[PDB]
Structure formats: structure tokens, C-alpha cells
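Chemist: Just dropping this structure here.
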Amino acid sequence: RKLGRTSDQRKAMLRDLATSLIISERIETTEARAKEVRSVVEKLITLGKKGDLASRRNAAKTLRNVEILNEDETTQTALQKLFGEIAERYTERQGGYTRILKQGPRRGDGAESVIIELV
Amino acid sequence: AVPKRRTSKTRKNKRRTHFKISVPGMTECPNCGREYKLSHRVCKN
Amino acid sequence: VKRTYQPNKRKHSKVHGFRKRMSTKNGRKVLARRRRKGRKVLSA
Amino acid sequence: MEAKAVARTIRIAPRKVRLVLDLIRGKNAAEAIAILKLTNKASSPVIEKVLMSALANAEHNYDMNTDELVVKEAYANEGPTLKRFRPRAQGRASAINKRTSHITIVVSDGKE
RNA sequence: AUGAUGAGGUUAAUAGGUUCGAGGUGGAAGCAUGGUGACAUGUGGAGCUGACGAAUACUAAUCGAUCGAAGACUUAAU
RNA sequence: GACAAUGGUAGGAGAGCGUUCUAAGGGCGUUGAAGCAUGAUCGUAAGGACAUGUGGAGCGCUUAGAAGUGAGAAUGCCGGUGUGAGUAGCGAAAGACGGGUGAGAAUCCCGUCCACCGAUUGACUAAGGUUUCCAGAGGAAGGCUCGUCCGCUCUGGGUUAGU
RNA sequence: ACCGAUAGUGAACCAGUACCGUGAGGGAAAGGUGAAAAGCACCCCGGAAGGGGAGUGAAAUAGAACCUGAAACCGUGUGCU
RNA sequence: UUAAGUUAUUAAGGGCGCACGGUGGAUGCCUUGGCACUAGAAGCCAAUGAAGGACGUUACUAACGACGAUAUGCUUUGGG
Ligand SMILES: [Mg+2]
Ligand SMILES: [Mg+2]
Ligand SMILES: [Mg+2]
Ligand SMILES: [Mg+2]
Ligand SMILES: [Mg+2]
Ligand SMILES: [Mg+2]
Ligand SMILES: [Mg+2]
Ligand SMILES: [Mg+2]
Ligand SMILES: [Mg+2]
Ligand SMILES: [Mg+2]
Ligand SMILES: [Mg+2]
Ligand SMILES: [Mg+2]
Ligand SMILES: [Mg+2]
Ligand SMILES: [Mg+2]
Ligand SMILES: [Mg+2]
Ligand SMILES: [Mg+2]
Ligand SMILES: [Mg+2]
Ligand SMILES: [Mg+2]
Ligand SMILES: [Mg+2]
Ligand SMILES: [Mg+2]
Ligand SMILES: [Mg+2]
Ligand SMILES: [Mg+2]
Ligand SMILES: [Mg+2]
Ligand SMILES: [Mg+2]
Ligand SMILES: [Mn+2]
Ligand SMILES: [Mn+2]
Ligand SMILES: [Mn+2]
Ligand SMILES: [Mn+2]
Ligand SMILES: [Mn+2]
Ligand SMILES: [Mn+2]
Ligand SMILES: [Mn+2]
Ligand SMILES: [Mn+2]
Ligand SMILES: [Mn+2]
Ligand SMILES: [Mn+2]
Ligand SMILES: [Mn+2]
Ligand SMILES: [Mn+2]
Ligand SMILES: [Mn+2]
Ligand SMILES: [Mn+2]
Ligand SMILES: [Mn+2]
Ligand SMILES: [Mn+2]
Ligand SMILES: [Mn+2]
Ligand SMILES: [Mn+2]
Ligand SMILES: [Mn+2]
Ligand SMILES: [Mn+2]
Ligand SMILES: [Mn+2]
Ligand SMILES: [Mn+2]
Ligand SMILES: [Mn+2]
Ligand SMILES: [Mn+2]
Ligand SMILES: [Mn+2]
Ligand SMILES: [Mn+2]
Ligand SMILES: [Mn+2]
Ligand SMILES: [Mn+2]
Ligand SMILES: [Mn+2]
Ligand SMILES: [Mn+2]
Ligand SMILES: [Mn+2]
Ligand SMILES: [Mn+2]
Ligand SMILES: [Mn+2]
Ligand SMILES: [Mn+2]
Ligand SMILES: [Mn+2]
Ligand SMILES: [Mn+2]
Ligand SMILES: [Mn+2]
Ligand SMILES: [Mn+2]
Ligand SMILES: [Mn+2]
Ligand SMILES: [Mn+2]
């Protein structure tokens, strides 16, 4: 429960950060945001791992629209990738489908950078 | 409120003894060369 | 707030012009003086 | 003899450069470069480039073995300073000093 | 506030996740039925649930570096 | 040789030091003048020499002459540099990631999502301003941070009326 | 027996100009490489800036923000503490 | 070793001295410009368009001068 901005803006940035990285398996961010986002993402992955329309309509409540370009032709949806792609990978896996990697400080403000990636 | 008397070179330096920066905790990359910050990533190799 | 000096080309040239100086004895005295100092601008 | 190099009028304030400089002073050239690369202050890359150039012409000029080299001495001196202002309340302006500094590094072997 | 104190650092439950639970809310969606409907009942103390409680190494506390004794002299007593 | 006197503000009296110039005499100087620096030197004081370093072309001494002739204080004037201090501040506001570029990206370009104004943060134009407009380069300084970017810099262009 | 760059003109420098005011008007700062540009070819670190060699020069510990280079002020080393 | 007593080393940092640097531009030396006078010339220019400017002129041209559309000059007499 860490913050940064205001309570709603925090929500927005969290849905944005969560939808991203589903979109692309890994992203670069502040260590603080990484530690916040990891929860929201593993949770979306359990909604995906349930499979029911209930938990789908439920994942929809947080996750952003996006578009996603599948390899070669055709277009998915971040939702569709949550349920129809990522969840397939993680069925046998218990909890914790996420890791934070410690990049160290960036130039502009010296904030500590980290990579956050899937398996 | 203002200082009522100027600080001497001596006072000002005594006030500065704790104003260093610590040398970063660091460690050698195993078989990669350039050293990195502790409990931090080994980079692209 | 409304500061003093709202520029106006016409009003600036009336009142403060070469011609406006010339129009009276004193304005000629002014141009005389500025010519004596040798202002690169003179009246403008 | 035991080689040196200098960078002049870098636009960082001398107080600031000196902080990074204290960590490096008296250290082996390799770990000096390490501490330099990891210390995340603004003067670190500048000081780094200076130490690099110093070891460089410590080899190409005086032909020392680079690995035995030590940071015999490092410091920064006040340079000329650019002077600017900063408008304030009630219409007063007030001074600002964009200070600059001469950084110096000198590497070494044994006495002769 | 920062430091500091304290709980831990794989011979590991320190946090996060996961599966449970307390407590909070009060009967989810989907379907079915009853209505012309607005709605109602059933499925079903349902669903959801931050900080609280357990269990579980699935994610992360990796590798590593720094500091830290060899014990002065005199006099009296074994 | 004895003997006497010698605290001192306003203030009176006296004798001197040093600075610039001038006159006359007499000298020093690239085998290194003035100046600057350092020193354990000398005289009762102001002050005077000597050695070493620096410096690179001028300068003392004696007698006299004349003065823009001596600084610590004027909330004195100008300039430099401190202290406060790595302190106050960085000027109303939602941003995130992916991909570029680059010596270097929180800050530049492209992209998706999100957000804010919408009798206006939109679209025109008068006043005023006078190349800030466009393109390609650039990054010292300006930009309250960064900068590969810019109302900044360089080079080259751009305003077409019988109604 | 006038000044010698805070002096002497406000102005030794493209001064009644930067700049300031609606205007009348007010009104600066800023001189010195060297005998000669001989103004550092070339190698090296750097994007550059800047620097170390190598050279020009009597000298660049005269290198352009360039004669001499005081003090305040800022630093690095240490003998006694 | 036990008891009683006595001393020291440590310098995070500071002080005095010294050495080597940086900033800054005093000081010395220098003078292109000033300052006060001396002797003599000279004491007016203008509608035949002045004083003072504006805009232009050069291979390249921003600025100062010079010059004007015959423009960074034209003819002419003399000097060189
Ligand atoms: Mg005048
Ligand atoms: Mg029905
Ligand atoms: Mg119940
Ligand atoms: Mg060790
Ligand atoms: Mg004793
Ligand atoms: Mg004398
Ligand atoms: Mg002598
Ligand atoms: Mg000599
Ligand atoms: Mg002396
Ligand atoms: Mg006399
Ligand atoms: Mg005074
Ligand atoms: Mg602080
Ligand atoms: Mg312009
Ligand atoms: Mg432009
Ligand atoms: Mg006289
Ligand atoms: Mg007025
Ligand atoms: Mg290179
Ligand atoms: Mg190169
Ligand atoms: Mg040389
Ligand atoms: Mg040289
Ligand atoms: Mg004892
Ligand atoms: Mg001890
Ligand atoms: Mg120390
Ligand atoms: Mg006459
Ligand atoms: Mn809201
Ligand atoms: Mn940067
Ligand atoms: Mn200190
Ligand atoms: Mn004037
Ligand atoms: Mn104002
Ligand atoms: Mn502890
Ligand atoms: Mn266990
Ligand atoms: Mn309950
Ligand atoms: Mn270890
Ligand atoms: Mn007396
Ligand atoms: Mn007496
Ligand atoms: Mn008297
Ligand atoms: Mn000689
Ligand atoms: Mn003299
Ligand atoms: Mn002499
Ligand atoms: Mn006087
Ligand atoms: Mn004074
Ligand atoms: Mn002052
Ligand atoms: Mn304070
Ligand atoms: Mn504070
Ligand atoms: Mn603050
Ligand atoms: Mn702002
Ligand atoms: Mn690239
Ligand atoms: Mn964008
Ligand atoms: Mn809105
Ligand atoms: Mn207009
Ligand atoms: Mn303007
Ligand atoms: Mn533009
Ligand atoms: Mn900037
Ligand atoms: Mn003057
Ligand atoms: Mn001078
Ligand atoms: Mn010359
Ligand atoms: Mn160069
Ligand atoms: Mn030579
Ligand atoms: Mn200077
Ligand atoms: Mn000099
Ligand atoms: Mn006369
Ligand atoms: Mn007439
Ligand atoms: Mn004329
Ligand atoms: Mn002829």
C-alpha cells in the first residue's frame, strides 16, 4: 500500500502498469512501483487462472483496453491474453509469477530503476 | 532571523565533518568484468 | 494590473515626433540640445 | 615521471566535485574507476573521464604498466564563475553564482 | 523524519504471492421461474473483501566486501 | 664627569621618517631594473639595508626645490571574495509503459492507454510586438533540473490583391 | 617640477554608445601575447570542451579569458599539537 | 596471575607552522587618449537648398569612415 500520487491517480497508474507487461512480459520502472504492481499482476493472473465469466468480467474491472499484436496476422486483447495465453503457462505453477530485477539508479533524478518480468 | 556574527572557517568546517558521502557497497561480477552495486543486477554481460 | 504605458504608434509619434518638436520653438531647442550632445537617436 | 591530467572549467561547483573526489583519492586505479562508475553523483562521469585520460597518457607517453598505477593525487580548484541573477518579489533581483572548477588527477608507480 | 531500535537473510517463513480462515458487507454474475412491465423469488448466509491469523519456498532476501584482539609500567601478595 | 627632569585629553612648541615629480652632481642595470614573495637583518620611532626566488627595463644615491605626500572607521564610492549553506526556492495542474535516436534520455521523436479545458486552455482577428514564422544542421551560454530539444545558435529561405 | 587606465575628457576600446525613462532627460563598464604569428604540424584520452607528449620561442611556469600577477577567499600534503 | 596505583597510543574532525596550487586583478613598467597654455591662421554656413541626418554604393558586407545613382569613386592640372 505504497502511493506516489493521489488515491485515484495511483489506481490509474496501477492499471496502466498492470496492463503493460501483460502486453509485453517485462518492463522498466521505479522499485516502488514494481513492488506495488506485482500484487495487482499476480492477482489478475489468478482471475485468468479461474477461467469463469465471473472472474473474466472481474479482471475487466481493472485491466485497460489496449490492443496487442499477435505474431503474424490477427489482433488479441489484453484481457484475451490474460485468459487465453498467459494463464495457460501458469496453471501448473503455484503462486508468484513475477520478479523484480534491481537495475540501480537512473540519471535524471537518481531514482532506483528495476526490471519487472514474468516467470 | 539572521546570523548575528559570521561563521569562522574553523566553525564552518567543524560543522562539515559529517557531510561526506559513503563509498558504495559493491561487488565483482562473477566472470564478467565490470563491478556492480550490491544485491543489484549483473547487466547484459 | 493595468500598468502605466499602453504603447500606441500614432500617439507616440504625435506629441513626441520630429515634426511635433519642430512645431514649436522649444522642440527645436530640444533637437538643438540633442544634436549638441550628438544623440544617435535624436527625436524618434 | 609519474603522469597526470587536468580538465579545466568543468561547470560543476567545486564543493560538489570534491565530494566524489575524496572517495577516489589514494586508491588503486582500477577500483578508483569502479567507485567512480557506481557513485551516482553528477561529477562522477566527468572525474571518470579525467582519470581515464590520465592513465591513457600515462601509458602512451611515459610507458608505465597501467595495472600497477595508483591515484597519487586528485583535487578540484575554483575556476572563473559565471554570474547571473534571479528576479524576486517586490521587483528586487538577487545574485546567482554558476561556479566552475579545474579538476586534476595524477597517477603513479614507484619513486623511479 | 534520518539515522537509531527490533524481526529475518536459503541449515530461510522477512515480506509478496498461493491455498485456507477471522472480521466486514449482506444475497454476485450467469441462468431458471413469476409477471405487460418497473421488479420478485430460487440457485446460494451467495459473491466480493486493505492493514488481521495460519499453512506453503511459488517470487525476492544471490554472489561478495568492510571493520574487529595478541593485552604498558610500578609496588605489594602466592 | 657628577646632578636634575622626562603620566597625560583639547591644545601650543620642536625635531624627524617615508612617497611622486624637478635641478645639479655622482652611480646601478639583460653577467637582470622596478615590482612581487620569503627570511633568524639593522635604527630610540616613523623606517633602512642584505641574500635567495620570481620578474623581464628600467632604477637608486647626495644636496636642494616643489607637492593631487602617508587611511581603519565617514549606514563613505568602485571592484573582487566570503558568511549565512549545500540552507530557502525551482512560479497553481496526470501521467504510464513500449519503440526509436544518441557519446549521453524521467525531460527529444513515434506509438497505445490514461487524463484535463470545452461561453473555452477551441477558431478568428484590432492594439501592441517586429522575424519570434519555415527547413537542415548545432548544444558553449539563455531555459529555475535534464536536454539529442527550443520563442536559444549557425546556414539557407519564406509575406504575391483593379474588386 | 600636468594625468598615466578607480587617473586624465563622460568617452585611450565603432560614447552620448550597452543600458534606463512616455518624454525632457540620465548615462556606464571595457587599454597591454610576442622582437617577430613564428598562434602549438603530428601522436594520444575525449562527442566536444579540456588536457599529456612532441614542437615554435630568450621565455608559453609569455598559449590567447595571454606582461607583472598583491590581498581577501578556495584547496592538497604534512612537522608539532 | 591477584590487589593497589600510575601513565600512554587512538584524531572523526580542529589548531599553529610550512610547502605546492587556484581564484582575483592590486602593484610596477608602458601609452595609442586626455589636460592647461603659447605663437600665428581663421571667425561664419543658408533657397545656387545649410547644420544635422535618412537610405544607398563595393566579388564577398554586419559595423565604422569615404563616396554618392558618374557611389568603396569620375575628369583635370601639378607633386610622387
Ligand atoms: Mg546627453
Ligand atoms: Mg416472464
Ligand atoms: Mg455469514
Ligand atoms: Mg580486507
Ligand atoms: Mg609508578
Ligand atoms: Mg627608498
Ligand atoms: Mg641595488
Ligand atoms: Mg633569475
Ligand atoms: Mg621583506
Ligand atoms: Mg625638499
Ligand atoms: Mg569603509
Ligand atoms: Mg541536506
Ligand atoms: Mg534571432
Ligand atoms: Mg532561430
Ligand atoms: Mg613647480
Ligand atoms: Mg518617469
Ligand atoms: Mg578517441
Ligand atoms: Mg576521437
Ligand atoms: Mg612541452
Ligand atoms: Mg606547453
Ligand atoms: Mg589494575
Ligand atoms: Mg587500545
Ligand atoms: Mg580524515
Ligand atoms: Mg586675427
Ligand atoms: Mn475522483
Ligand atoms: Mn545528465
Ligand atoms: Mn573537510
Ligand atoms: Mn541622450
Ligand atoms: Mn514587477
Ligand atoms: Mn540492528
Ligand atoms: Mn517449514
Ligand atoms: Mn464473514
Ligand atoms: Mn555472504
Ligand atoms: Mn610627556
Ligand atoms: Mn613621572
Ligand atoms: Mn604646531
Ligand atoms: Mn642569461
Ligand atoms: Mn617609479
Ligand atoms: Mn643603487
Ligand atoms: Mn591624498
Ligand atoms: Mn575599506
Ligand atoms: Mn562592494
Ligand atoms: Mn539553517
Ligand atoms: Mn530545513
Ligand atoms: Mn526543499
Ligand atoms: Mn513550474
Ligand atoms: Mn542506439
Ligand atoms: Mn507522446
Ligand atoms: Mn472533462
Ligand atoms: Mn501590427
Ligand atoms: Mn519585447
Ligand atoms: Mn521555430
Ligand atoms: Mn540547463
Ligand atoms: Mn576613465
Ligand atoms: Mn593597471
Ligand atoms: Mn604588440
Ligand atoms: Mn585540442
Ligand atoms: Mn625552444
Ligand atoms: Mn584574469
Ligand atoms: Mn599573466
Ligand atoms: Mn591664439
Ligand atoms: Mn535668397
Ligand atoms: Mn551634410
Ligand atoms: Mn598625374
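In the C-alpha cells, chains take letters A, B, ... by order of appearance, with residues numbered from 1 within each chain and ligands from 1 in the order shown.
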Counting only C-alpha atoms (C1' of nucleotides), collect the residues of chain E whose closest atom lies at most 12 Å from chain B, and write them out as a VMD selection string.

Modeler: chain E and resid 9 60 to 66

Chemist: With C-alpha atoms (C1' of nucleotides) retained, export the selected residues as a PDB file, in the first residue's frame.

Modeler:
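Writing done, so here's part_26.pdb:
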```
ATOM      1  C1'   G E   9      18.513 -13.120   5.159  1.00  0.00           C
ATOM      2  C1'   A E  60      12.522 -11.909  -3.809  1.00  0.00           C
ATOM      3  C1'   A E  61      16.359 -11.692   0.772  1.00  0.00           C
ATOM      4  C1'   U E  62      22.296 -14.097  -4.758  1.00  0.00           C
ATOM      5  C1'   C E  63      27.297 -13.938  -5.003  1.00  0.00           C
ATOM      6  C1'   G E  64      30.512 -10.606  -2.108  1.00  0.00           C
ATOM      7  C1'   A E  65      33.024  -6.735   0.646  1.00  0.00           C
ATOM      8  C1'   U E  66      34.442  -3.778   5.092  1.00  0.00           C
TER       9        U E  66
END
```

Chemist: Return as a VMD selection string every polymer residue, whether protein, DNA or RNA, with at least one atom no more than 12 Å from an atom of ligand 59; count only C-alpha atoms (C1' of nucleotides) and all ligand atoms.

Modeler: (chain D and resid 79 to 81) or (chain F and resid 80) or (chain G and resid 65 to 66 69) or (chain H and resid 22 to 25)

Chemist: Dump as a PyMOL selection string the residues of chain D that approach chain F to within 12 Å, counting only C-alpha atoms (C1' of nucleotides).

Modeler: chain D and resi 9-11+13-16+19+42+45-46+49+78+81-89+96+98

Chemist: Taking only C-alpha atoms (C1' of nucleotides) and all ligand atoms into account, report as a ChimeraX atom specification which residues have an atom no farther than 12 Å from an atom of ligand 22.

Modeler: /E:69-72 /H:8-10

Chemist: So that I can see what lies close to residue 114 (chain F), please list as a list in words the residues with an atom at most 8 Å from it, counting only C-alpha atoms (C1' of nucleotides) and leaving out residues fewer than 5 positions away in the same chain.

Modeler: residues 12 and 16 of chain A; 95 and 96 of chain F

Chemist: Give as a ChimeraX atom specification every residue of chain E that touches chain A within 8 Å, counting only C-alpha atoms (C1' of nucleotides).

Modeler: /E:16-18,29,50,58-60

Chemist: Using only C-alpha atoms (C1' of nucleotides), determine which residues lie at most 12 Å from residue 112 (chain D), disregarding the query and same-chain residues fewer than 6 positions distant; provide the list as a list in words.

Modeler: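 Within the cut-off, the hits are residues 1, 2 and 64 of chain D.
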
Chemist: Please, which residues have at least one atom within 10 Å of an atom of ligand 30, using only C-alpha atoms (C1' of nucleotides) and all ligand atoms, listed as an NGL selection string?

Modeler: :E and (4-7)

Chemist: Among chain B, which residues does DSSP mark as strand (DSSP E or B) when it is run on the backbone? Keep the chain and numbering as in the structure and answer as a list in words.

Modeler: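 Taking chain B and keeping strand (DSSP E or B) gives residues 26, 27, 36 and 37 of chain B.
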
Chemist: Those same residues - N, CA and C atoms - I'd like them written as a PDB file, in the first residue's frame.

Modeler:
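What landed in out_35.pdb:
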```pdb
ATOM      1  N   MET B  26      29.821  -2.537  -3.086  1.00  0.00           N
ATOM      2  CA  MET B  26      29.988  -3.027  -4.446  1.00  0.00           C
ATOM      3  C   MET B  26      30.624  -4.410  -4.506  1.00  0.00           C
ATOM      4  N   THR B  27      30.417  -5.093  -5.629  1.00  0.00           N
ATOM      5  CA  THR B  27      30.917  -6.451  -5.795  1.00  0.00           C
ATOM      6  C   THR B  27      31.260  -6.783  -7.245  1.00  0.00           C
ATOM      7  N   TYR B  36      29.565  -4.311  -9.944  1.00  0.00           N
ATOM      8  CA  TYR B  36      28.221  -3.789  -9.794  1.00  0.00           C
ATOM      9  C   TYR B  36      27.811  -3.601  -8.353  1.00  0.00           C
ATOM     10  N   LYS B  37      26.786  -2.782  -8.182  1.00  0.00           N
ATOM     11  CA  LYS B  37      26.243  -2.470  -6.878  1.00  0.00           C
ATOM     12  C   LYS B  37      25.624  -3.689  -6.227  1.00  0.00           C
TER      13      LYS B  37
END
```

Chemist: So the first atom is CA of residue 43 (chain C) and the second is CA of residue 18 (chain C); what is the distance between them in Å, to one decimal place?

Modeler: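 Those two atoms sit 5.6 Å apart.
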
Chemist: Let me see if you get this right: every residue at most 10 Å from ligand 14, counting only C-alpha atoms (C1' of nucleotides) and all ligand atoms, written as an MDAnalysis selection string.

Modeler: chainID F and resid 131:132 150:154

Chemist: With distances taken over only C-alpha atoms (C1' of nucleotides), which of H:78, H:68, H:5, H:53 is nearest to chain C?

Modeler: H:53

Chemist: In terms of the shortest atom-to-atom distance over only C-alpha atoms (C1' of nucleotides), which of H:44, H:26, H:54, H:64 is closest to residue 79 (chain F)?

Modeler: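 Once distances to residue 79 (chain F) are computed over only C-alpha atoms (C1' of nucleotides), the minimum belongs to H:26.
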
Chemist: Kindly provide, as a list in words, the residues of chain D having any atom no farther than 9 Å from an atom of chain G, counting only C-alpha atoms (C1' of nucleotides).

Modeler: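 So the contacting residues turn out to be residues 3, 4, 5, 6, 7, 8, 9, 10, 14, 49, 50, 52, 53, 54, 55, 56, 57, 58, 60, 61, 62, 73, 74, 75, 76, 77 and 78 of chain D.
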
Chemist: Tell me the residues of chain C close to chain H, meaning within 12 Å using only C-alpha atoms (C1' of nucleotides), as a PDB file with N, CA and C atoms, in the first residue's frame.

Modeler:
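What landed in selection_36.pdb:
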```pdb
ATOM      1  N   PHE C  18       9.470  64.120 -34.545  1.00  0.00           N
ATOM      2  CA  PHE C  18      10.390  65.091 -35.120  1.00  0.00           C
ATOM      3  C   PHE C  18       9.598  66.335 -35.411  1.00  0.00           C
ATOM      4  N   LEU C  31      15.807  69.567 -30.006  1.00  0.00           N
ATOM      5  CA  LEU C  31      16.546  68.900 -31.061  1.00  0.00           C
ATOM      6  C   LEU C  31      17.917  69.534 -31.145  1.00  0.00           C
ATOM      7  N   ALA C  32      17.974  70.810 -30.780  1.00  0.00           N
ATOM      8  CA  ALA C  32      19.225  71.529 -30.784  1.00  0.00           C
ATOM      9  C   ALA C  32      20.126  70.854 -29.785  1.00  0.00           C
ATOM     10  N   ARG C  33      19.597  70.679 -28.572  1.00  0.00           N
ATOM     11  CA  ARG C  33      20.369  70.139 -27.458  1.00  0.00           C
ATOM     12  C   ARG C  33      20.852  68.721 -27.732  1.00  0.00           C
ATOM     13  N   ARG C  34      19.947  67.896 -28.246  1.00  0.00           N
ATOM     14  CA  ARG C  34      20.267  66.511 -28.535  1.00  0.00           C
ATOM     15  C   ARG C  34      21.280  66.405 -29.662  1.00  0.00           C
ATOM     16  N   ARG C  35      21.202  67.345 -30.607  1.00  0.00           N
ATOM     17  CA  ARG C  35      22.200  67.436 -31.666  1.00  0.00           C
ATOM     18  C   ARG C  35      23.544  67.850 -31.093  1.00  0.00           C
ATOM     19  N   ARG C  36      23.509  68.668 -30.044  1.00  0.00           N
ATOM     20  CA  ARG C  36      24.733  69.146 -29.428  1.00  0.00           C
ATOM     21  C   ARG C  36      25.401  67.995 -28.708  1.00  0.00           C
ATOM     22  N   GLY C  38      24.798  65.054 -29.493  1.00  0.00           N
ATOM     23  CA  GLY C  38      25.035  64.112 -30.566  1.00  0.00           C
ATOM     24  C   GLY C  38      24.418  62.762 -30.296  1.00  0.00           C
ATOM     25  N   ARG C  39      23.152  62.776 -29.887  1.00  0.00           N
ATOM     26  CA  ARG C  39      22.413  61.534 -29.705  1.00  0.00           C
ATOM     27  C   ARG C  39      22.283  60.830 -31.056  1.00  0.00           C
ATOM     28  N   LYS C  40      22.568  59.535 -31.081  1.00  0.00           N
ATOM     29  CA  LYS C  40      22.439  58.771 -32.302  1.00  0.00           C
ATOM     30  C   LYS C  40      20.969  58.651 -32.649  1.00  0.00           C
ATOM     31  N   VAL C  41      20.117  58.765 -31.640  1.00  0.00           N
ATOM     32  CA  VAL C  41      18.687  58.660 -31.874  1.00  0.00           C
ATOM     33  C   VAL C  41      18.005  59.984 -32.213  1.00  0.00           C
ATOM     34  N   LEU C  42      18.410  61.075 -31.554  1.00  0.00           N
ATOM     35  CA  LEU C  42      17.714  62.366 -31.693  1.00  0.00           C
ATOM     36  C   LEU C  42      16.254  62.161 -31.308  1.00  0.00           C
ATOM     37  N   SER C  43      15.338  63.024 -31.745  1.00  0.00           N
ATOM     38  CA  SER C  43      13.935  62.678 -31.542  1.00  0.00           C
ATOM     39  C   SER C  43      13.586  61.440 -32.353  1.00  0.00           C
TER      40      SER C  43
END
```

Chemist: Have a look at CA of residue 112 (chain A) and CA of residue 26 (chain A) and let me know their distance in Å, one decimal.

Modeler: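 Those two atoms sit 16.9 Å apart.
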
Chemist: Throw together the list of residues within 10 Å of ligand 3, counting only C-alpha atoms (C1' of nucleotides) and all ligand atoms, and drop it here as a list in words.

Modeler: residues 25, 26, 45 and 46 of chain E
